[PDB]
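# Descriptive structure summary
Residue-level listing of the chains:
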Amino acid sequence: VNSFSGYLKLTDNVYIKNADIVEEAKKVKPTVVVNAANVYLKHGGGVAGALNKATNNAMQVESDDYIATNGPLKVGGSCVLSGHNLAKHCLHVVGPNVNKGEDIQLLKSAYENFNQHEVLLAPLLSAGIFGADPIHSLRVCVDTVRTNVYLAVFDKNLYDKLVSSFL
Ligand SMILES: c1csc(C[C@H]2CCN(c3ncnc4[nH]ccc34)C2)n1
């Protein structure tokens, strides 16, 4: 028994809610919150810019040191950094950017990173400003992640659409 509240159960291991991931994180303080990162860990908008603002820019400061030491992530890759005031850890995961010509099959690789963590609070990936279809994306999540994932969907019309169209 964990502390997530109000989620709809989609499968044995996937749960969903119409919620802002930042508000969910502040309330639950989960072991792992997933960020929808880019390869440079430049947190400008969407999930990344909202989480980072909620950390008072501490996430960006930590991220810039990570990049200076290690170089960029791979599309489909991830790194574990601090969760600051939002979670114990933040798993920064890079989904493909279809508006950069990046292969959408890399979305499955991106979700595979979630399997290294028993429980996660996460958004939908190479959703929002990353330009992917949020049906196909939910489907890849369900068919790839085997650990327990709590999805926070910010847009109400996407959520109602995702739930009503979920096979
Ligand atoms: C509607 C318009 S763009 C879009 C797709 C993604 C971009 C923003 N995303 C979030 N997901 C969960 N919590 C969040 N909090 C802030 C942003 C956000 C999903 N949904």
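Per the deposited record, X-ray crystallography is how this structure was determined, to a resolution of 1.0500 Å.

## Digging into the pattern of salt bridges
Taken as a whole, this structure holds five salt bridges when the rule is applied. Across the pair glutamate 24 and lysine 17 runs a salt bridge whose closest N-O atoms are separated by 2.9 Å. When sorted by exposure, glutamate 24 lands in the same class as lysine 17, which is buried. Note that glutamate 102 and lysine 100 form a salt bridge whose closest N and O atoms lie 3.9 Å from each other.

## Quick notes on the site of the ligand
Near the ligand, the surroundings consist of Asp20, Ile21, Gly46, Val47, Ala127, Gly128, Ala152, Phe154 and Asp155. Note that a nitrogen atom of the ligand is positioned 2.9 Å from one of the backbone N or O atoms of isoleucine 21. When the ligand sits alone it has 450 Å² of accessible area, and the protein chains cover 78% of it. Looking at the shell around the ligand residue by residue, the classes come out as five nonpolar, two polar and two charged.

## A few points about the packing of aromatic side chains
Applying the stated criterion across every chain, the model contains five aromatic pairs. An angle of 85 degrees between the planes, with centres 5.6 Å apart, marks the rings of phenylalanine 4 and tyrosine 7 as edge-to-face. On the basis of relative accessible area, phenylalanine 4 is assigned to the buried category, the value being 15%. Aromatic pair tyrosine 111 and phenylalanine 114: ring centres 5.2 Å apart, planes at 70 degrees, arrangement edge-to-face. The exposure class assigned to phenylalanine 114 is buried, which follows from its relative accessible area of 0%.

## Thoughts on the nonpolar core
Of all hydrophobic cores here, the largest spans 28 residues; its most connected members are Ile16, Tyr111, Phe114, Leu125, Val149 and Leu151. When residues of this core are traced back to their parent elements, those giving at least two are strand 2 (14-18), strand 3 (32-37), strand 5 (89-94), helix 4 (106-112), strand 6 (119-122), helix 5 (135-144), strand 7 (148-153) and helix 6 (156-164). Top contributing element to this core by residue count: helix 5, with four residues. In this structure, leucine 151 is in contact with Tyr7, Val14, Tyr15, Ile16, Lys17, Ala122, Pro123, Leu124, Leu138 and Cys141, ignoring residues within four places of it in sequence. Core analysis: the second largest hydrophobic core is formed by 17 residues, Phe4, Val22, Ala25 and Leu51 among them.

## Focus on the pairing of strand 4 (residues 78-82)
Relative to strand 5, strand 4 runs antiparallel, the two sharing five bridges. Paired with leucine 81 across the two strands is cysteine 90, which belongs to strand 5. Between strand 4 and strand 5, which follow one another and run antiparallel, lie six residues, and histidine 84 among them has a positive phi close to 55 degrees.

## Some thoughts on the pairing of strand 2
Of all five residues that make up strand 2, four are buried, and the element is covered over most of its length. Bridge analysis of strand 1 (residues 8-9) against strand 2 gives two bridges, and the strand direction is antiparallel. Of the residues in strand 2, the one forming a bridge with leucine 8 is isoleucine 16. Between strand 1 and the antiparallel strand that follows it, strand 2, lie four residues. Across five bridges, the pairing between strand 2 and strand 7 is parallel. Bridged to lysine 17 within strand 7 is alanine 152.

Procedures and definitions
Residues numbered from 1 in each chain as written, not as in the entry; some residues may be left out. Heavy atoms only, no water. Salt bridge = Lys/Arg side-chain N within 4 Å of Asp/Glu carboxyl O. Buried < 20%, exposed > 50% of the residue type's maximum accessible area, 1.4 Å probe, protein only. Near = heavy atom within 4 Å. Polar contact = N/O pair within 3.5 Å; in protein donor to acceptor, adjacent residues only side chain to side chain. Areas by Shrake-Rupley, 256 points an atom, 1.4 Å probe, with all protein chains shown as cover. Nonpolar A, V, L, I, M, F, W, Y, C, P; charged D, E, K, R; others polar. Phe/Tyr/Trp six-rings, centres within 6.5 Å; stacked < 30°, edge-to-face > 60°. Core = buried A, V, L, I, M, F, W, Y, C linked by side-chain atoms within 4.5 Å. Helix = DSSP H or I, 4+ residues; strand = E, 2+ residues; numbered from the N terminus. Contact = heavy atoms within 4.5 Å. Pairing = 2+ DSSP bridges.

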